[PDB]
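**Student:** Contents are mmCIF, C-alpha atoms; file name start-v7.cif:
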data_work
#
loop_
_atom_site.label_atom_id
_atom_site.label_comp_id
_atom_site.auth_asym_id
_atom_site.auth_seq_id
_atom_site.Cartn_x
_atom_site.Cartn_y
_atom_site.Cartn_z
CA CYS A 1 0.00 0.00 0.00
CA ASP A 2 1.28 3.46 -1.05
CA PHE A 3 -0.65 5.36 1.67
CA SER A 4 1.04 6.19 5.00
CA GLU A 5 -0.22 5.06 8.43
CA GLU A 6 -1.34 8.67 9.07
CA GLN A 7 -3.22 8.73 5.74
CA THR A 8 -4.86 5.35 6.51
CA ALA A 9 -5.90 6.68 9.95
CA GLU A 10 -7.28 9.89 8.38
CA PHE A 11 -9.22 7.85 5.78
CA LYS A 12 -10.63 5.62 8.56
CA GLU A 13 -11.66 8.74 10.52
CA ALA A 14 -13.33 10.20 7.38
CA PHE A 15 -15.03 6.84 6.63
CA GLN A 16 -16.78 6.85 10.04
CA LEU A 17 -17.28 10.67 10.18
CA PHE A 18 -19.27 10.88 6.92
CA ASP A 19 -22.05 8.77 8.46
CA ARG A 20 -24.72 7.61 8.95
CA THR A 21 -27.97 6.11 7.70
CA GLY A 22 -27.90 3.78 10.73
CA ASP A 23 -25.32 1.06 10.01
CA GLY A 24 -21.56 1.72 10.25
CA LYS A 25 -20.96 0.59 6.64
CA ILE A 26 -20.89 3.24 3.87
CA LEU A 27 -23.37 3.24 0.95
CA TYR A 28 -22.27 2.27 -2.57
CA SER A 29 -23.14 5.63 -4.21
CA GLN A 30 -22.10 7.71 -1.16
CA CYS A 31 -18.64 6.06 -1.27
CA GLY A 32 -17.95 8.02 -4.48
CA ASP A 33 -18.89 11.23 -2.65
CA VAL A 34 -16.40 10.31 0.12
CA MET A 35 -13.65 9.81 -2.51
CA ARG A 36 -14.58 13.20 -4.03
CA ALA A 37 -14.56 14.82 -0.55
CA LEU A 38 -11.03 13.37 -0.24
CA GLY A 39 -10.20 15.66 -3.20
CA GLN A 40 -10.07 13.02 -5.95
CA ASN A 41 -11.64 13.58 -9.42
CA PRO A 42 -12.38 10.08 -10.86
CA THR A 43 -15.24 9.42 -13.28
CA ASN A 44 -18.22 7.25 -12.23
CA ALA A 45 -16.75 4.56 -14.54
CA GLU A 46 -14.13 3.88 -11.81
CA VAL A 47 -16.97 2.66 -9.55
CA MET A 48 -18.50 0.80 -12.54
CA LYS A 49 -15.35 -1.39 -12.55
CA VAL A 50 -16.74 -3.00 -9.36
CA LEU A 51 -20.27 -2.81 -10.87
CA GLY A 52 -22.31 -3.24 -7.67
CA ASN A 53 -25.94 -3.60 -8.82
CA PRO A 54 -26.14 -3.43 -12.67
CA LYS A 55 -29.58 -1.73 -12.38
CA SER A 56 -30.63 1.57 -10.73
CA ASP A 57 -29.30 1.35 -7.15
CA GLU A 58 -31.44 3.49 -4.83
CA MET A 59 -31.13 0.63 -2.29
CA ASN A 60 -27.29 0.78 -2.09
CA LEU A 61 -27.16 -2.88 -0.94
CA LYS A 62 -23.45 -3.12 -1.91
CA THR A 63 -22.32 -1.41 1.33
CA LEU A 64 -18.59 -1.18 2.14
CA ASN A 65 -16.40 -1.73 5.20
CA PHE A 66 -12.99 -0.01 5.43
CA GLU A 67 -11.12 -3.03 3.97
CA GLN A 68 -13.33 -2.78 0.84
CA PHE A 69 -13.15 1.05 0.72
CA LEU A 70 -9.33 1.43 0.89
CA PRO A 71 -8.51 -0.54 -2.32
CA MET A 72 -11.00 1.64 -4.27
CA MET A 73 -9.32 4.75 -2.82
CA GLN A 74 -5.96 3.28 -3.96
CA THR A 75 -7.07 2.47 -7.55
CA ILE A 76 -8.55 6.00 -7.71
CA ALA A 77 -5.30 7.57 -6.42
CA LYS A 78 -3.24 5.53 -8.94
CA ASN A 79 -5.70 6.13 -11.84
CA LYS A 80 -4.29 9.33 -13.39
CA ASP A 81 -2.54 12.67 -12.87
CA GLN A 82 -4.28 16.00 -13.62
CA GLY A 83 -3.19 18.82 -15.95
CA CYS A 84 -2.21 22.43 -15.21
CA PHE A 85 -4.49 25.50 -15.49
CA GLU A 86 -3.30 26.11 -19.09
CA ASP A 87 -5.03 22.86 -20.16
CA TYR A 88 -8.28 24.22 -18.64
CA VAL A 89 -8.13 27.78 -20.02
CA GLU A 90 -7.31 26.53 -23.55
CA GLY A 91 -10.88 25.15 -23.54
CA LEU A 92 -12.18 28.60 -22.56
CA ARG A 93 -10.03 30.27 -25.28
CA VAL A 94 -11.78 27.90 -27.75
CA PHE A 95 -15.30 28.54 -26.32
CA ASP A 96 -14.79 32.34 -26.28
CA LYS A 97 -16.05 34.62 -29.09
CA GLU A 98 -14.61 37.99 -27.93
CA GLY A 99 -10.89 37.11 -28.14
CA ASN A 100 -10.10 39.15 -25.00
CA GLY A 101 -9.36 36.52 -22.31
CA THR A 102 -12.85 36.51 -20.72
CA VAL A 103 -16.19 34.76 -21.43
CA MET A 104 -19.93 35.53 -21.25
CA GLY A 105 -21.43 34.14 -18.02
CA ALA A 106 -24.84 33.16 -19.43
CA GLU A 107 -23.23 31.19 -22.29
CA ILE A 108 -20.47 29.45 -20.29
CA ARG A 109 -22.77 28.34 -17.42
CA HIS A 110 -25.09 26.72 -20.00
CA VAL A 111 -22.21 25.10 -21.95
CA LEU A 112 -20.73 23.60 -18.75
CA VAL A 113 -24.18 22.10 -17.94
CA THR A 114 -24.97 20.65 -21.41
CA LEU A 115 -21.53 19.27 -22.40
CA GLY A 116 -20.27 16.07 -20.72
CA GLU A 117 -21.74 15.05 -17.35
CA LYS A 118 -24.83 17.00 -16.19
CA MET A 119 -24.84 19.54 -13.32
CA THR A 120 -27.50 21.79 -11.76
CA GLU A 121 -27.45 25.61 -11.75
CA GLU A 122 -27.22 25.26 -7.94
CA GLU A 123 -23.94 23.32 -8.34
CA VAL A 124 -22.48 25.56 -11.08
CA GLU A 125 -23.36 28.98 -9.56
CA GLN A 126 -21.38 28.10 -6.40
CA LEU A 127 -18.19 27.59 -8.48
CA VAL A 128 -18.09 31.25 -9.64
CA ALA A 129 -17.11 34.14 -7.32
CA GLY A 130 -16.68 36.83 -10.00
CA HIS A 131 -20.46 36.86 -10.56
CA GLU A 132 -22.27 38.06 -13.72
CA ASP A 133 -23.08 41.64 -12.58
CA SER A 134 -23.17 44.78 -14.83
CA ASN A 135 -20.40 43.02 -16.81
CA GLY A 136 -21.38 39.87 -18.74
CA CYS A 137 -17.77 38.93 -19.54
CA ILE A 138 -16.46 36.93 -16.54
CA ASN A 139 -12.69 36.43 -16.26
CA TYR A 140 -12.40 32.61 -16.17
CA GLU A 141 -8.93 32.89 -14.52
CA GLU A 142 -10.63 33.44 -11.13
CA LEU A 143 -12.82 30.31 -11.54
CA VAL A 144 -9.96 27.91 -12.36
CA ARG A 145 -7.50 29.47 -9.87
CA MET A 146 -10.07 29.13 -7.06
CA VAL A 147 -11.34 25.57 -7.70
CA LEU A 148 -7.82 24.15 -8.27
CA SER A 149 -7.15 24.82 -4.55
CA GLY A 150 -9.25 21.68 -3.91
CA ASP B 1 -66.59 30.10 -31.68
CA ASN B 2 -63.68 31.72 -29.77
CA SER B 3 -62.91 34.50 -32.30
CA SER B 4 -60.79 37.38 -30.94
CA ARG B 5 -62.36 40.78 -31.73
CA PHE B 6 -58.95 42.44 -31.15
CA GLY B 7 -55.24 42.46 -32.06
CA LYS B 8 -52.60 41.96 -29.36
CA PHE B 9 -48.85 41.97 -28.71
CA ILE B 10 -47.13 40.52 -25.62
CA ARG B 11 -43.48 41.07 -24.72
CA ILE B 12 -41.22 39.67 -21.99
CA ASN B 13 -38.06 41.48 -20.79
CA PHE B 14 -34.80 39.80 -19.71
CA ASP B 15 -31.75 40.62 -17.55
CA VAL B 16 -28.08 40.15 -18.56
CA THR B 17 -28.14 36.63 -17.02
CA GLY B 18 -31.00 35.61 -19.37
CA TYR B 19 -33.93 35.47 -16.93
CA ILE B 20 -37.29 37.27 -17.02
CA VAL B 21 -37.52 40.59 -15.11
CA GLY B 22 -40.69 42.24 -16.53
CA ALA B 23 -43.44 42.12 -19.18
CA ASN B 24 -45.86 44.27 -21.24
CA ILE B 25 -49.26 43.62 -22.92
CA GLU B 26 -50.21 45.92 -25.82
CA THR B 27 -53.72 45.74 -27.35
CA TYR B 28 -55.07 47.39 -30.51
CA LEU B 29 -58.50 48.68 -31.62
CA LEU B 30 -61.30 46.09 -31.44
CA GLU B 31 -64.48 45.28 -33.44
CA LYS B 32 -66.68 47.01 -30.82
CA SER B 33 -69.66 47.70 -33.14
CA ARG B 34 -71.09 44.15 -33.27
CA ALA B 35 -71.87 43.98 -29.51
CA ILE B 36 -75.38 45.51 -29.82
CA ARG B 37 -76.07 44.80 -33.54
CA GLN B 38 -75.86 41.00 -33.59
CA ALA B 39 -76.14 39.03 -36.85
CA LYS B 40 -77.90 35.63 -36.94
CA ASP B 41 -76.37 32.95 -34.65
CA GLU B 42 -73.49 35.29 -33.63
CA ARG B 43 -72.75 36.23 -29.99
CA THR B 44 -71.65 39.29 -27.98
CA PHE B 45 -68.56 39.36 -25.71
CA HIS B 46 -68.48 36.20 -23.57
CA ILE B 47 -68.56 38.21 -20.28
CA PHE B 48 -72.18 39.30 -20.96
CA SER C 1 -23.58 3.40 -54.65
CA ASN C 2 -20.00 2.27 -55.41
CA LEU C 3 -18.67 4.31 -52.46
CA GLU C 4 -21.28 2.79 -50.08
CA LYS C 5 -20.46 -0.76 -51.25
CA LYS C 6 -16.75 0.01 -50.70
CA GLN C 7 -17.31 1.55 -47.25
CA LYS C 8 -19.19 -1.56 -46.09
CA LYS C 9 -15.81 -3.37 -46.04
CA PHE C 10 -14.04 -0.64 -44.00
CA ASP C 11 -17.04 -0.47 -41.63
CA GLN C 12 -16.93 -4.28 -41.17
CA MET C 13 -13.14 -4.34 -40.54
CA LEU C 14 -13.28 -1.40 -38.10
CA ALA C 15 -16.26 -3.04 -36.34
CA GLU C 16 -14.33 -6.31 -35.83
CA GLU C 17 -11.22 -4.41 -34.66
CA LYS C 18 -13.51 -2.59 -32.20
CA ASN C 19 -14.85 -6.02 -31.08
CA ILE C 20 -11.29 -7.28 -30.42
CA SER C 21 -10.38 -4.00 -28.67
CA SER C 22 -13.53 -4.31 -26.52
CA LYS C 23 -12.66 -7.93 -25.62
CA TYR C 24 -9.19 -6.80 -24.46
CA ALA C 25 -10.79 -3.93 -22.48
CA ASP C 26 -13.20 -6.40 -20.80
CA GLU C 27 -10.36 -8.80 -19.87
CA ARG C 28 -8.31 -5.81 -18.62
CA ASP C 29 -11.19 -4.69 -16.37
CA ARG C 30 -11.75 -8.30 -15.19
CA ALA C 31 -8.06 -8.58 -14.22
CA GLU C 32 -8.28 -5.15 -12.53
CA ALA C 33 -11.38 -6.26 -10.56
CA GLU C 34 -9.54 -9.46 -9.56
CA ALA C 35 -6.60 -7.31 -8.42
CA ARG C 36 -8.96 -5.17 -6.28
CA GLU C 37 -10.63 -8.27 -4.76
CA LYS C 38 -7.30 -9.93 -3.85
CA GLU C 39 -5.98 -6.56 -2.58
CA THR C 40 -9.01 -6.34 -0.24
CA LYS C 41 -8.24 -9.94 0.82
CA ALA C 42 -4.58 -9.01 1.49
CA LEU C 43 -5.63 -5.98 3.57
CA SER C 44 -8.06 -8.14 5.60
CA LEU C 45 -5.27 -10.70 6.19
CA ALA C 46 -2.86 -7.90 7.21
CA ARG C 47 -5.39 -6.44 9.69
CA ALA C 48 -6.04 -9.94 11.09
CA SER D 1 -17.02 14.86 -50.82
CA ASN D 2 -18.16 13.67 -47.35
CA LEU D 3 -17.74 10.01 -48.43
CA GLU D 4 -14.19 10.70 -49.73
CA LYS D 5 -13.22 12.48 -46.47
CA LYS D 6 -14.70 9.51 -44.55
CA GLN D 7 -12.76 7.00 -46.71
CA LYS D 8 -9.50 8.81 -45.87
CA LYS D 9 -10.54 8.97 -42.19
CA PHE D 10 -11.45 5.25 -41.91
CA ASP D 11 -8.00 4.24 -43.22
CA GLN D 12 -6.24 6.39 -40.57
CA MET D 13 -8.69 5.39 -37.81
CA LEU D 14 -8.29 1.63 -38.43
CA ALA D 15 -4.50 1.94 -38.00
CA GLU D 16 -4.92 4.00 -34.81
CA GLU D 17 -7.59 1.57 -33.51
CA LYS D 18 -5.00 -1.22 -33.96
CA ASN D 19 -2.58 0.85 -31.80
CA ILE D 20 -5.30 1.38 -29.13
CA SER D 21 -6.21 -2.35 -29.22
CA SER D 22 -2.51 -3.22 -28.73
CA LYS D 23 -2.28 -0.74 -25.81
CA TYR D 24 -5.32 -2.41 -24.16
CA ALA D 25 -3.74 -5.85 -24.70
CA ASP D 26 -0.53 -4.62 -23.01
CA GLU D 27 -2.47 -3.09 -20.07
CA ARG D 28 -4.53 -6.32 -19.82
CA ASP D 29 -1.33 -8.38 -19.51
CA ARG D 30 0.11 -5.84 -17.02
CA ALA D 31 -3.07 -6.07 -14.89
CA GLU D 32 -2.88 -9.89 -15.11
CA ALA D 33 0.77 -9.77 -13.93
CA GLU D 34 -0.28 -7.40 -11.10
CA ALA D 35 -3.04 -9.89 -10.16
CA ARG D 36 -0.44 -12.70 -9.96
CA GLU D 37 1.94 -10.52 -7.88
CA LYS D 38 -0.78 -9.51 -5.38
CA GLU D 39 -2.02 -13.13 -5.28
CA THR D 40 1.53 -14.20 -4.30
CA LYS D 41 1.48 -11.39 -1.69
CA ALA D 42 -1.88 -12.65 -0.33
CA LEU D 43 -0.51 -16.22 -0.07
CA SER D 44 2.61 -14.92 1.75
CA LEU D 45 0.37 -12.97 4.17
CA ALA D 46 -1.78 -16.09 4.73
CA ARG D 47 1.32 -18.22 5.46
CA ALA D 48 2.63 -15.51 7.83
CA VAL E 1 -18.19 37.38 -39.91
CA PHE E 2 -14.71 36.03 -40.76
CA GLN E 3 -13.13 36.90 -37.38
CA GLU E 4 -16.02 35.14 -35.59
CA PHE E 5 -15.74 32.10 -37.91
CA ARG E 6 -12.00 31.82 -37.16
CA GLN E 7 -12.32 32.42 -33.37
CA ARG E 8 -15.17 29.84 -33.15
CA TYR E 9 -13.52 27.00 -35.16
CA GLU E 10 -9.71 27.66 -35.26
CA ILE E 11 -9.11 24.45 -33.25
CA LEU E 12 -9.86 22.49 -36.47
CA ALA E 13 -6.93 24.13 -38.36
CA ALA E 14 -4.64 25.55 -35.62
CA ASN E 15 -1.55 23.89 -37.17
CA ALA E 16 -2.32 25.30 -40.65
CA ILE E 17 -3.42 28.84 -39.65
CA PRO E 18 -0.41 31.18 -39.14
CA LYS E 19 0.14 32.99 -35.81
CA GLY E 20 1.11 36.32 -37.45
CA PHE E 21 -1.45 39.09 -38.01
CA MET E 22 -3.35 39.23 -41.32
CA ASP E 23 -6.81 39.31 -43.00
CA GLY E 24 -8.77 36.60 -41.18
CA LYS E 25 -10.45 35.55 -44.44
CA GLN E 26 -7.12 33.93 -45.49
CA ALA E 27 -7.19 31.82 -42.29
CA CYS E 28 -10.85 31.00 -43.00
CA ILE E 29 -9.97 29.90 -46.57
CA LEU E 30 -7.16 27.68 -45.17
CA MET E 31 -9.60 26.09 -42.66
CA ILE E 32 -12.34 25.61 -45.31
CA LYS E 33 -9.68 23.95 -47.53
CA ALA E 34 -8.54 21.71 -44.62
CA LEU E 35 -12.21 20.67 -44.20
CA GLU E 36 -12.26 20.15 -48.02
CA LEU E 37 -15.70 21.79 -48.42
CA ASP E 38 -17.36 21.88 -51.88
CA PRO E 39 -17.23 25.52 -53.16
CA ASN E 40 -21.00 25.43 -53.88
CA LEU E 41 -21.74 25.08 -50.12
CA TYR E 42 -20.39 28.56 -49.19
CA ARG E 43 -19.57 32.07 -50.48
CA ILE E 44 -16.83 34.40 -49.17
CA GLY E 45 -17.70 38.12 -48.92
CA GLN E 46 -15.55 41.01 -47.62
CA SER E 47 -17.03 40.77 -44.09
CA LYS E 48 -19.61 37.94 -44.01
#
How does this structure look as C-alpha cells?
**Tutor:**
Amino acid sequence: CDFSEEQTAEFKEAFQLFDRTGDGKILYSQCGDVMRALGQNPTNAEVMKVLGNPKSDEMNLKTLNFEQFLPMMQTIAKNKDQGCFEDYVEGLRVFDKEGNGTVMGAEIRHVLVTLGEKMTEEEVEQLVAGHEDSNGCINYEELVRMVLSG
Amino acid sequence: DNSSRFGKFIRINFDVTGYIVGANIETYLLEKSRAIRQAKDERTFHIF
Amino acid sequence: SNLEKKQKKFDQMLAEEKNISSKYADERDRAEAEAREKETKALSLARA
Amino acid sequence: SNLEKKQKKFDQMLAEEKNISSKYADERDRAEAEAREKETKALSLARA
Amino acid sequence: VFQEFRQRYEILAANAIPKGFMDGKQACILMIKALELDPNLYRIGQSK
C-alpha cells in the first residue's frame, strides 16, 4: 500500500465521520462522494469497474467496510494525474467569441451544464465568485485558480 | 366560436443573465360595433 | 452506390477491430477487478 | 465529398484503432501480472 | 463574420493557420480547404 499510516488513519476517521444512515458501513453511491470529498476527481466509470448492482441502485445494498473502501481509494489515487491550469483555459479560449481573455457568463454556465456530465445551476453557480453583474464577460482565470485549490 | 375581436402583442423582458424581469401587454382597436347589432347565430362578448 | 459498397468493407473491418479492442478492455477490467478483490483480501489478512 | 473524407478517415482510424487495441492488450497483460503478484502477496500474508 | 468564424472554429486548423497578423479571411480559406468543403456550399464576402 502506497498510503502512510497517518493517511490510513485519516481515511478511517473520514469513513466513520461521513455517516450515517444507521449502520456503520458506507453506501455504494455515497462512497464516491467520500472519494470526491477526499479531493479526488475520478469518473463514475471507476466505480463501474466493481459494478455493484447493474440496475438503478437506490437501495445501495453493496455497502462497504474499510477493507473494501481502501482498495478503491488506492485504484482511484493511482488512476491518473491532472493537468495544469493552461489545459483548462485553452478550452475557454476555444469557447470564447470575444478574443479578450474573458467569457460571457450566461453562455459558459449553460455550456458547462450541457456538455459532458450533467450539473445543476445550484452546483455551477457556487463555483463562480466573479459573478455576472453589470459586466457579462467573466474572467475565467478566477474560476480555475479558485477551484484548483481543492 | 372563440374568435378574438382584437389584435394583441405581448413582450417579456430579460436581464443580462438571461432570466425574465418584466413584461408588457399591448392591445389594438377592437371590433366594438357588433356587440349591440348582432347578426344571426353570432354572440356578444363572452362576459355578458 | 459504389462508395457505399466500398465503405461496407471498412465499416466491417473497423467493427471487428472494435470487437477485439472491446474484448481486451473487458479482460483488462476483469483482471483489474480481480486485483482489487485480492488486494481487499490481502488488507483483511494484514489487519487480522 | 463527405464520403471521400470519410474514406480517408477510416483508413487512418483503423491503423490508430490497432494501436489502441494493442495498448489495451498490453495493459490487460500488465493487470494480469499485477493480479499474480498480489495473489503471491496474499498467499505470503496467509502463510505468515 | 470572418473573425467570428476563425475564433469559433480555429481548433480544427490551428496547425495550418499562421500565428502572425493578417486578414482573417485567409485563415478561414485555409480552414475551409482543410475541411475540403465543396465551393457550392459557401460564399466568401468582404465581411460575411
**Student:** Please provide as JSON, numbers by chain all residues within 10 Å of segment 40-46 of chain B, with the sequence filter that same-chain residues fewer than 3 positions apart are discarded (counting only C-alpha atoms).
**Tutor:** {"B": [1, 2, 3, 4, 5, 32, 34, 35, 36, 37]}
**Student:** Would you mind listing what lies within 10 Å of residue 75 of chain A as a CSV table (one decimal) with C-alpha atoms, in the frame of the given file, with all atoms listed in the file counted and same-chain residues fewer than 3 positions away left out?
**Tutor:**
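Wrote selection36.csv, looks like this:
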chain,number,residue,atom,x,y,z
A,42,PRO,CA,-12.4,10.1,-10.9
A,46,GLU,CA,-14.1,3.9,-11.8
A,70,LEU,CA,-9.3,1.4,0.9
A,71,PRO,CA,-8.5,-0.5,-2.3
A,72,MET,CA,-11.0,1.6,-4.3
A,78,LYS,CA,-3.2,5.5,-8.9
A,79,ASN,CA,-5.7,6.1,-11.8
A,80,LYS,CA,-4.3,9.3,-13.4
C,32,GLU,CA,-8.3,-5.2,-12.5
C,35,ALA,CA,-6.6,-7.3,-8.4
C,36,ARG,CA,-9.0,-5.2,-6.3
**Student:** For this file, the PyMOL selection byres ((chain B and resi 13-20) around 8) selects which residues, as JSON, numbers by chain?
**Tutor:** {"A": [105, 106, 132, 133, 134, 136], "B": [11, 12, 21, 22, 23]}
**Student:** Can you tell me which residues surround segment 16-24 of chain D at a distance of at most 6 Å, considering only C-alpha atoms, apart from same-chain residues fewer than 5 positions away, and format the answer as number ranges by chain?
**Tutor:** C: 21, 24-25
**Student:** Grab the Cα RMSD for chain C fitted onto chain D, all atoms paired in sequence order, one decimal please.
**Tutor:** 3.4 Å
**Student:** Pull out every residue that the PyMOL selection byres ((chain E and resi 27) around 12) matches in the shown coordinates and put them as a VMD selection string.
**Tutor:** chain E and resid 2 to 7 9 to 26 28 to 34
**Student:** Could you list, with a cut-off of 7 Å and counting only C-alpha atoms, the residues of chain A near chain E, each shown with its nearest atom pair and the distance in Å rounded to one decimal, rows sorted by chain and ascending number, as a Markdown table?
**Tutor:**
| residue | atom | partner | partner_atom | distance |
| --- | --- | --- | --- | --- |
| A:94 | CA | E:8 | CA | 6.7 |
| A:95 | CA | E:8 | CA | 7.0 |
| A:97 | CA | E:7 | CA | 6.1 |
**Student:** Would you give me, as a ChimeraX atom specification, the residues of chain D that come within 9 Å of chain E, using only C-alpha atoms?
**Tutor:** /D:1-2,5
**Student:** Could you expand the PyMOL selection byres ((chain C and resi 45) around 12) into the explicit residues it covers here, written as an MDAnalysis selection string?
**Tutor:** (chainID A and resid 67) or (chainID C and resid 38:44 46:48) or (chainID D and resid 41:48)
**Student:** Atoms to include: C-alpha atoms. Write the selected residues as a PDB file, in the frame of the given file.
**Tutor:**
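Result file selection.pdb:
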ATOM      1  CA  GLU A  67     -11.120  -3.030   3.970  1.00  0.00           C
TER       2      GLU A  67
ATOM      3  CA  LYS C  38      -7.300  -9.930  -3.850  1.00  0.00           C
ATOM      4  CA  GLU C  39      -5.980  -6.560  -2.580  1.00  0.00           C
ATOM      5  CA  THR C  40      -9.010  -6.340  -0.240  1.00  0.00           C
ATOM      6  CA  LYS C  41      -8.240  -9.940   0.820  1.00  0.00           C
ATOM      7  CA  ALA C  42      -4.580  -9.010   1.490  1.00  0.00           C
ATOM      8  CA  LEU C  43      -5.630  -5.980   3.570  1.00  0.00           C
ATOM      9  CA  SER C  44      -8.060  -8.140   5.600  1.00  0.00           C
ATOM     10  CA  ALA C  46      -2.860  -7.900   7.210  1.00  0.00           C
ATOM     11  CA  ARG C  47      -5.390  -6.440   9.690  1.00  0.00           C
ATOM     12  CA  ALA C  48      -6.040  -9.940  11.090  1.00  0.00           C
TER      13      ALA C  48
ATOM     14  CA  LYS D  41       1.480 -11.390  -1.690  1.00  0.00           C
ATOM     15  CA  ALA D  42      -1.880 -12.650  -0.330  1.00  0.00           C
ATOM     16  CA  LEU D  43      -0.510 -16.220  -0.070  1.00  0.00           C
ATOM     17  CA  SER D  44       2.610 -14.920   1.750  1.00  0.00           C
ATOM     18  CA  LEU D  45       0.370 -12.970   4.170  1.00  0.00           C
ATOM     19  CA  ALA D  46      -1.780 -16.090   4.730  1.00  0.00           C
ATOM     20  CA  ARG D  47       1.320 -18.220   5.460  1.00  0.00           C
ATOM     21  CA  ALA D  48       2.630 -15.510   7.830  1.00  0.00           C
TER      22      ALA D  48
END
**Student:** Measure the distance from atom CA of residue 48 of chain E to atom CA of residue 138 of chain A in Å and round it to one decimal.
**Tutor:**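 Between atom CA of residue 48 of chain E and atom CA of residue 138 of chain A the gap works out to 27.7 Å.
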**Student:** Kindly give the distance, in Å, that separates atom CA of residue 114 of chain A and atom CA of residue 91 of chain A, rounded to a single decimal.
**Tutor:** 14.9 Å
**Student:** What does the distance between atom CA of residue 60 of chain A and atom CA of residue 28 of chain A come to in Å, to one decimal place?
**Tutor:**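 Atom CA of residue 28 of chain A lies 5.3 Å from atom CA of residue 60 of chain A.
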**Student:** Using all atoms listed in the file, which residues sit within 10 Å of residue 141 of chain A once same-chain residues fewer than 5 positions away are excluded, as a ChimeraX atom specification?
**Tutor:** /A:85-86,88-89,92,101-102,130,146
**Student:** Give me, as a list in words, the residues of chain A touching chain C, with the criterion being at most 12 Å (counting only C-alpha atoms).
**Tutor:** residues 1, 8, 45, 46, 47, 48, 49, 50, 51, 52, 64, 65, 66, 67, 68, 69, 70, 71, 72, 73, 74, 75, 76 and 79 of chain A
**Student:** Output C-alpha atoms for every residue in that selection, as an mmCIF file, keeping the file's coordinate frame.
**Tutor:**
data_model
loop_
_atom_site.group_PDB
_atom_site.id
_atom_site.type_symbol
_atom_site.label_atom_id
_atom_site.label_comp_id
_atom_site.auth_asym_id
_atom_site.auth_seq_id
_atom_site.Cartn_x
_atom_site.Cartn_y
_atom_site.Cartn_z
ATOM 1 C CA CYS A 1 0.000 0.000 0.000
ATOM 2 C CA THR A 8 -4.860 5.350 6.510
ATOM 3 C CA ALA A 45 -16.750 4.560 -14.540
ATOM 4 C CA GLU A 46 -14.130 3.880 -11.810
ATOM 5 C CA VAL A 47 -16.970 2.660 -9.550
ATOM 6 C CA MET A 48 -18.500 0.800 -12.540
ATOM 7 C CA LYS A 49 -15.350 -1.390 -12.550
ATOM 8 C CA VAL A 50 -16.740 -3.000 -9.360
ATOM 9 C CA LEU A 51 -20.270 -2.810 -10.870
ATOM 10 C CA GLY A 52 -22.310 -3.240 -7.670
ATOM 11 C CA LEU A 64 -18.590 -1.180 2.140
ATOM 12 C CA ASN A 65 -16.400 -1.730 5.200
ATOM 13 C CA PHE A 66 -12.990 -0.010 5.430
ATOM 14 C CA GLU A 67 -11.120 -3.030 3.970
ATOM 15 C CA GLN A 68 -13.330 -2.780 0.840
ATOM 16 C CA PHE A 69 -13.150 1.050 0.720
ATOM 17 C CA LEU A 70 -9.330 1.430 0.890
ATOM 18 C CA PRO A 71 -8.510 -0.540 -2.320
ATOM 19 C CA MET A 72 -11.000 1.640 -4.270
ATOM 20 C CA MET A 73 -9.320 4.750 -2.820
ATOM 21 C CA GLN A 74 -5.960 3.280 -3.960
ATOM 22 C CA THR A 75 -7.070 2.470 -7.550
ATOM 23 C CA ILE A 76 -8.550 6.000 -7.710
ATOM 24 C CA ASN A 79 -5.700 6.130 -11.840
#
**Student:** Please, can segment 31-42 of chain C be completed to N, CA and C atoms and returned as a PDB file, in the coordinates of the input?
**Tutor:**
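And here is the file that came out, rebuild_21.pdb:
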ATOM      1  N   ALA C  31      -9.337  -8.419 -14.922  1.00  0.00           N
ATOM      2  CA  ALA C  31      -8.060  -8.580 -14.220  1.00  0.00           C
ATOM      3  C   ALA C  31      -7.868  -7.503 -13.145  1.00  0.00           C
ATOM      4  N   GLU C  32      -8.326  -6.284 -13.453  1.00  0.00           N
ATOM      5  CA  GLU C  32      -8.280  -5.150 -12.530  1.00  0.00           C
ATOM      6  C   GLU C  32      -9.209  -5.375 -11.334  1.00  0.00           C
ATOM      7  N   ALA C  33     -10.413  -5.899 -11.600  1.00  0.00           N
ATOM      8  CA  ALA C  33     -11.380  -6.260 -10.560  1.00  0.00           C
ATOM      9  C   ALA C  33     -10.860  -7.377  -9.661  1.00  0.00           C
ATOM     10  N   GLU C  34     -10.202  -8.368 -10.279  1.00  0.00           N
ATOM     11  CA  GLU C  34      -9.540  -9.460  -9.560  1.00  0.00           C
ATOM     12  C   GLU C  34      -8.448  -8.917  -8.639  1.00  0.00           C
ATOM     13  N   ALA C  35      -7.654  -7.978  -9.171  1.00  0.00           N
ATOM     14  CA  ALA C  35      -6.600  -7.310  -8.420  1.00  0.00           C
ATOM     15  C   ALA C  35      -7.157  -6.571  -7.201  1.00  0.00           C
ATOM     16  N   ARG C  36      -8.275  -5.853  -7.385  1.00  0.00           N
ATOM     17  CA  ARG C  36      -8.960  -5.170  -6.280  1.00  0.00           C
ATOM     18  C   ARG C  36      -9.465  -6.145  -5.219  1.00  0.00           C
ATOM     19  N   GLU C  37     -10.079  -7.250  -5.662  1.00  0.00           N
ATOM     20  CA  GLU C  37     -10.630  -8.270  -4.760  1.00  0.00           C
ATOM     21  C   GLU C  37      -9.535  -8.904  -3.890  1.00  0.00           C
ATOM     22  N   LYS C  38      -8.429  -9.295  -4.536  1.00  0.00           N
ATOM     23  CA  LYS C  38      -7.300  -9.930  -3.850  1.00  0.00           C
ATOM     24  C   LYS C  38      -6.505  -8.932  -2.996  1.00  0.00           C
ATOM     25  N   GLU C  39      -6.545  -7.650  -3.377  1.00  0.00           N
ATOM     26  CA  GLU C  39      -5.980  -6.560  -2.580  1.00  0.00           C
ATOM     27  C   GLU C  39      -6.777  -6.364  -1.291  1.00  0.00           C
ATOM     28  N   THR C  40      -8.113  -6.380  -1.401  1.00  0.00           N
ATOM     29  CA  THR C  40      -9.010  -6.340  -0.240  1.00  0.00           C
ATOM     30  C   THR C  40      -8.733  -7.533   0.678  1.00  0.00           C
ATOM     31  N   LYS C  41      -8.561  -8.719   0.075  1.00  0.00           N
ATOM     32  CA  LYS C  41      -8.240  -9.940   0.820  1.00  0.00           C
ATOM     33  C   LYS C  41      -6.919  -9.799   1.587  1.00  0.00           C
ATOM     34  N   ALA C  42      -5.904  -9.251   0.907  1.00  0.00           N
ATOM     35  CA  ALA C  42      -4.580  -9.010   1.490  1.00  0.00           C
ATOM     36  C   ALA C  42      -4.634  -8.036   2.657  1.00  0.00           C
TER      37      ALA C  42
END
